[PDB]
Amino acid sequence: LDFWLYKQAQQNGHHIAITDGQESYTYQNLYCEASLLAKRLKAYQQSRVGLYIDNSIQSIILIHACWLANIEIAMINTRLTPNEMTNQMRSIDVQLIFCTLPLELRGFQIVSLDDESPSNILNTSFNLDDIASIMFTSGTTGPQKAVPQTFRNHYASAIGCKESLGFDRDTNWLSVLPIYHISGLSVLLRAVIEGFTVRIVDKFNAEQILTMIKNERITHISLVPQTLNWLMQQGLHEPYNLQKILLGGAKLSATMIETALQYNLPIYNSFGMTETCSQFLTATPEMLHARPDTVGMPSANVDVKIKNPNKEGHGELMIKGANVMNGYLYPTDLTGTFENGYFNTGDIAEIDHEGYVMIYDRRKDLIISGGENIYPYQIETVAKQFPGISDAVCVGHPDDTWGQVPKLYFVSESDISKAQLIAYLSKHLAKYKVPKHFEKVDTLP
């Protein structure tokens, strides 16, 4: 099997790959410059490296070069603290970091950008089962989880998007969203798979982006609702050449939906996560008019169900499909991530009679208690091993001395002694992680 970039250089090398306004690369240009750089990258003999990068042409060259070199890329969120980077990079065993913006980080080898087939010039082969990219989840919601994404995951995400959202060879996608996050990087992947053009832009400027939309034949754009609104306020009151506006990540109001539809804007809402390599639920303009709160329907070969619903039908959202990750790399004690192959998103959702998914709350993966991070998943692992406990969930509970404390809810056929459970928990957890409140329940809250 041939590399996607190689294929594009062969099959349509005179098609434009990337534009930043000033320069523009064709696929032939991109392939050549990436291939040349890849030889320089292989000479470090690391199979997994850090990328400290911005939304720029040079950063896209570097990304494409790494993949031609059979290197796995770990994306660094440039908004992180030096300690968080260090911790994340050490956790997945990288020591070499490639830069397109200045970085200083002690304990890492940091290299900024000074220095036919890739079978013939690189001695590298393409495999769909290779890990393309490694992304970390947010530390504000729970633990920082290393999510390995394979070329197969990324490819399955693309063709489901091709069906749900829709793009072709004539697509000019404006990408402003961070390149280190999945909404950013998935655009590049869709592009190199389909063979369309990316309009890369360094940072959100509503005025400059509207000028681009008016004057550059932009067909596709990825946004959050707040930025869509800011664009509408600069003067986006008609689609111009826009075919698709992909929204995701935050709440979309009915008011904003109605305003955008009035201006004839082709707005699509979506739901997705790092673990699914971008969106797995998509809502069309028409779906959004009917159900303002929906994130939509899934795509042809993605399978979505609710685990233990209410009579309202609310329950944790479970997903199966080729786009879903093979499992986390770090931390290495997350044990409850799959159930019969279904990925537990940890989102409370429902599917109504028509197939529309509505997301509600989230399962909280973090209890901050007395200036300490504690993780429910760790308590639930240990508790489920105690004799007679079939199921358990650890939630936050109010405590005036500490703010929040962990409380354990458990399902048990027998009659659990709290004292025996506390003692068992204490043998396998550090003392602060051990809950101080317990409740036997027939069904978990």
Side-chain angles (χ1 to χ4, degrees), residues 1-20 23-76 89 92-101 103 108-135 148-155 158 179-180 184-195 197-198 200:
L1 194 66
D2 278 316
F3 288 93
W4 296 324
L5 182 51
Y6 178 67
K7 175 178 154 162
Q8 293 308 314
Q10 272 195 326
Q11 226 150 116
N12 75 153
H14 294 117
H15 198 99
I16 301 152
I18 42 181
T19 321
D20 66 345
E23 290 161 31
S24 107
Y25 278 59
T26 48
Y27 276 108
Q28 168 182 305
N29 290 334
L30 177 52
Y31 174 72
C32 293
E33 195 148 317
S35 272
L36 263 42
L37 185 58
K39 300 179 197 75
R40 256 86 194 264
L41 303 175
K42 203 78 187 279
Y44 287 86
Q45 284 143 9
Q46 301 273 3
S47 56
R48 183 182 286 184
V49 305
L51 258 48
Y52 198 75
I53 57 165
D54 59 345
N55 286 55
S56 74
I57 301 274
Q58 62 263 171
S59 140
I60 298 169
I61 315 289
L62 175 59
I63 280 174
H64 271 296
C66 283
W67 292 337
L68 289 177
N70 292 142
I71 296 170
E72 308 172 334
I73 56 183
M75 296 290 194
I76 305 168
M89 291 306 103
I92 55 171
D93 306 311
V94 333
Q95 42 220 229
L96 178 72
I97 296 156
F98 288 121
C99 301
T100 62
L101 65 141
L103 182 63
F108 292 100
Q109 201 206 157
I110 290 155
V111 177
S112 71
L113 252 55
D114 312 324
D115 284 80
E116 219 223 33
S117 298
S119 305
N120 292 267
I121 62 169
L122 258 315
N123 278 308
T124 54
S125 190
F126 186 53
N127 192 234
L128 286 178
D129 295 342
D130 282 6
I131 297 165
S133 50
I134 289 150
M135 298 198 182
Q149 298 154 336
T150 72
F151 293 103
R152 190 180 303 279
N153 290 149
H154 287 308
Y155 179 89
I179 195 164
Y180 49 77
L185 182 74
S186 68
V187 171
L188 306 188
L189 289 148
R190 284 155 198 164
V192 80
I193 289 158
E194 185 67 22
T197 317
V198 180
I200 189 83

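For reference, positions follow the sequence shown, starting with 1.
In terms of modelled atom types and a separation under 3.5 Å, the side chain of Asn55 and the main chain of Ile179 share a donor-acceptor contact. Looking at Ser56, its side chain does come within 3.5 Å of a backbone N or O of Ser59 through a donor-acceptor pair.
Taking all atoms of both residues into account, the shortest heavy-atom contact from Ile193 to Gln8 is O-NE2, 3.6 Å. When all heavy atoms are compared, the tightest approach of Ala9 to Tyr31 is CB-CB, 3.5 Å. Contact record, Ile57 with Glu23: CG2-OE1, 4.5 Å, taken as the closest heavy-atom pair. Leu62 and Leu37 get closest at one heavy-atom pair: CA-CD2, 3.8 Å. The two residues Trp67 and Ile73 have their closest heavy-atom pair at NE1-CD1, 3.4 Å. When all heavy atoms are compared, the tightest approach of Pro148 to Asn153 is O-OD1, 4.1 Å.
Put simply, the side chain of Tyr52 does not reach to within 4.5 Å of the side chain of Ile110, judged on heavy atoms. You'll find the side chain of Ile134 reaches within 4.5 Å of the side chain of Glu72, heavy atoms only. Considering only heavy atoms from C-beta on, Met135 stays 4.5 Å or farther from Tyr180 through its side chain. Looking at heavy atoms from C-beta onward, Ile63 lies in side-chain contact with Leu185 at the 4.5 angstrom threshold. Side chains of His15 and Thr197 form a contact here, defined as non-hydrogen atoms less than 4.5 Å apart. Proximity of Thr124 to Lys42: side-chain heavy atoms (C-beta onward) are separated by under 4.5 Å at one or more points. Between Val49 and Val94 the shortest side-chain heavy-atom distance does not fall below 4.5 Å.
Between the CG atom of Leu30 and the OG atom of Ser35 there is a distance of 9.5 Å, given to the nearest 0.5 Å. Considering CG of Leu122 and OH of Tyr6, their distance stands at 12.0 Å, rounded to 0.5 Å. Between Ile60 atom CD1 and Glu33 atom CD the span is 12.0 Å, to the nearest 0.5 Å. Rounded to the nearest 0.5 angstrom, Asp129 CG and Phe151 CZ are separated by 11.0 Å. With rounding to the nearest 0.5 Å, the separation of OG in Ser112 from CD in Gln58 is 11.0 Å. Annotation: the span from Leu189 atom CG to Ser133 atom OG amounts to 7.0 Å, rounded to 0.5 Å.
If you check the side chains of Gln28 and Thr26, you find no donor sitting under 3.5 Å from an acceptor. In the model, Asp54 has a side-chain atom that pairs as donor or acceptor with a side-chain atom of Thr100 under 3.5 Å.
Heavy atoms from other residues, nucleotides or ligands lying under 6.0 Å from NZ of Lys7 number 12 at most. Sparse packing is recorded around OH of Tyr155, with 12 or fewer heavy atoms of other residues, nucleotides or ligands lying under 6.0 Å away.
Classification of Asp115 and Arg40 as a salt-bridged pair holds, one side-chain N sitting under 4.0 Å from a carboxylate O.
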What verdict does the side chain to side chain contact (heavy atoms under 4.5 Å, CB included) test give for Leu103 and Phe108, after you've listed the backbone C-alpha separation in whole Å, the side-chain angles of each residue and the deciding distance to 0.1 Å?
CA-CA 10 Å; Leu103 182 63; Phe108 292 100; over 6 Å; no

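Using cut-offs of 30° and 60° for the angle between ring planes, the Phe3 and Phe126 rings count as tilted.
Taking the six-membered ring wherever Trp is involved, the centroid distance between the rings of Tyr44 and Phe98 falls below 6.0 Å.
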